[PDB]
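Only one chain is shown below, in structure tokens, and it's the form deposited in one PDB entry.
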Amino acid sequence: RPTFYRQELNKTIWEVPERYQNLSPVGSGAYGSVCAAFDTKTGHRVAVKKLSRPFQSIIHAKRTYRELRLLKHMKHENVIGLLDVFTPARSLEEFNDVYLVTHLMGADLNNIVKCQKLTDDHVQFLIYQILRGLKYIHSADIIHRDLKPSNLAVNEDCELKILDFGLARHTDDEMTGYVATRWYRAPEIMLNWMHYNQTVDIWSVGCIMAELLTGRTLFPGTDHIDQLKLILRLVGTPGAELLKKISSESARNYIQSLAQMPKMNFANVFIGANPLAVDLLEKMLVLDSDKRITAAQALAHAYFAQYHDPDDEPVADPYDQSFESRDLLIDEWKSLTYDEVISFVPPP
């Protein structure tokens, strides 16, 4: 067991191993507080997250276990990984606090799309890396659920990592009105007309790629209905074959009130774009989620010819998510989490 030391930073006690020095506050959502630190064992600048109220309810205890399981699994160049996890507790009986350690990220994709002149080569490389990471995530039967520019870290060498997996955390208030939290979400889930499946992540990639080509949000709706009307104007209203698959009475009832509209000409929307970029956008931004391109198919599209290497696009080890259907008490979720903290092995 390492030696721990204590300090108070913005009204919070931080108890951490001596290896972590120069702690300075960076941020605090409702899920926890974050400090930047220098890790003297590895020489990395790191983010240290202290979870808030991790075992306050069954819902919260299960979310803690979910997050730790996911971060322990993810071992890929284009996905955030776990550098360390610790607790100051010396036994399960005194266990209350969980701290998560990752590489410190600087710029996100929001920063670079607002500010920098992107060539077609920059768009090819950034979207390639998102799809390489998504091939690996989807091979584990994990859905990200929250891909958007603020969840994509990018360094000065245009190298990209996916972070901030959806832990089923977003509220109705957070999705209301003129908000980036909704602009990247697939229609069939905006009002929960379809059960979630991995195809919703490819919709989000299409929205992100469009915004790197134009510098503008693709579907900046003022509310869920405004956003659906912007989507259907571009991709067309549902056809007969994609009404036959829509089981939700709520969906067919609103959908069938709208005047029918054809799919627009994407070369006239994305004026001047690489024709191969236009073609790939037409294959992602399809209303019928069964007919969307997959991450593995998209890596083999001609748009990525300069970067595609089918011997360097790895898949994940199998991921057991059977806990998601299991009914346990708070202390049972807490013991499972404790076990996962003590069994952690750091990366090479």
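Each residue number is its position in the shown sequence, starting from 1. We call the rigid core the largest set of C-alpha positions that still match within 1.5 Å between the two forms.
*Asks:* Among the other compared PDB entries, is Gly177 dropped in a third or more?
*Replies:* yes, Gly177 frequently unmodelled elsewhere, at least a third of entries.
*Asks:* Are coordinates for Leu191 absent in a third or more of the other compared PDB entries?
*Replies:* No, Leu191 is modelled in every one of the other compared entries that cover both of its flanks.
*Asks:* Mean C-alpha B-factor higher for 149-157, or for 213-221?
*Replies:* Taking the mean C-alpha B-factor of 149-157 and of 213-221, the larger value falls to 149-157.
*Asks:* I need to verify one thing: averaged over C-alpha atoms only, is the B-factor higher for 249-257 or for 270-278?
*Replies:* So the stretch with the higher mean C-alpha B-factor is 249-257.
*Asks:* Among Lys229, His170, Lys75, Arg185, single out the one with the highest C-alpha B factor in the record, please.
*Replies:* Reading the PDB entry, the winner on C-alpha B-factor is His170.
*Asks:* Among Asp201, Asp141, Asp164, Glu241, where is the Cα B factor highest in this entry?
*Replies:* The C-alpha B-factor peaks, among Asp201, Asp141, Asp164, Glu241, at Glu241.
*Asks:* Place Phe304 in the lowest, middle or highest third of its chain's C-alpha B-factors, as listed in the PDB entry.
*Replies:* Middle third by C-alpha B-factor.
*Asks:* Would you check the entry's CA temperature factor for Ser57 and let me know if it's in the chain's lowest, middle or highest third?
*Replies:* It belongs to the highest third of the chain when residues are ordered by C-alpha B-factor.
*Asks:* Would you mind ranking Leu287 by its C-alpha B-factor against the rest of the chain and naming the third, lowest, middle or highest?
*Replies:* Answer is middle: the recorded C-alpha B-factor places it there.
*Asks:* How does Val26 rank on Cα B-factor within its chain, lowest, middle or highest third?
*Replies:* Tercile = highest for this residue's CA B-factor.
*Asks:* Taking the entry's C-alpha B-factors for this chain, is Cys35 in the lowest, middle or highest third?
*Replies:* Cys35: CA B-factor falls in the highest third of its chain.
Note that the form deposited with a small molecule bound isn't included here; everything after this is about it.
*Asks:* Quick one: is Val48 in contact with the small molecule in the deposited complex, heavy atoms, 4.5 Å cut-off?
*Replies:* Flag for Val48 set to yes.
*Asks:* Is there a non-hydrogen atom of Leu71 within 4.5 angstroms of a non-hydrogen atom of the small molecule in the deposited complex?
*Replies:* It does: once the small molecule is placed as it appears in the deposited complex, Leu71 has a heavy atom within 4.5 Å of it.
*Asks:* Using heavy atoms and a 4.5 Å limit, would one call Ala153 a contact residue for the small molecule in the deposited complex?
*Replies:* Judged by the heavy-atom cut-off of 4.5 Å, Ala153 is in contact with the small molecule in the deposited complex.
*Asks:* Is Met105 close enough to touch the small molecule in the deposited complex, meaning at least one heavy atom pair within 4.5 Å?
*Replies:* Taking the distances in the deposited complex, the answer for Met105 is yes, it comes within 4.5 Å of the small molecule.
*Asks:* Once the rigid core is superposed, exactly one of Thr40, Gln321, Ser28, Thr294 has its CA displaced by 2 Å or more between the shown form and the other one; which residue is that?
*Replies:* So the residue whose C-alpha moves 2 Å or more is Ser28.
*Asks:* When you overlay the rigid core, is the Cα of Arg216 off by 2 Å or more between the shown form and the other one?
*Replies:* No, shifts by less than 2 Å.
*Asks:* Taking the rigid core as the reference frame, is the Cα of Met194 displaced by 2 Å or more between the shown form and the other one?
*Replies:* Yes; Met194 is a residue whose C-alpha shifts (by 2 Å or more) between the shown form and the other one when the cores are overlaid.
*Asks:* Having a change of 3 Å or more in the C-alpha distance between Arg233 and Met194, I'd like to know whether it is closer or farther in the deposited complex than in the form here.
*Replies:* Farther: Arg233 and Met194 separate by 3 Å or more in the deposited complex.
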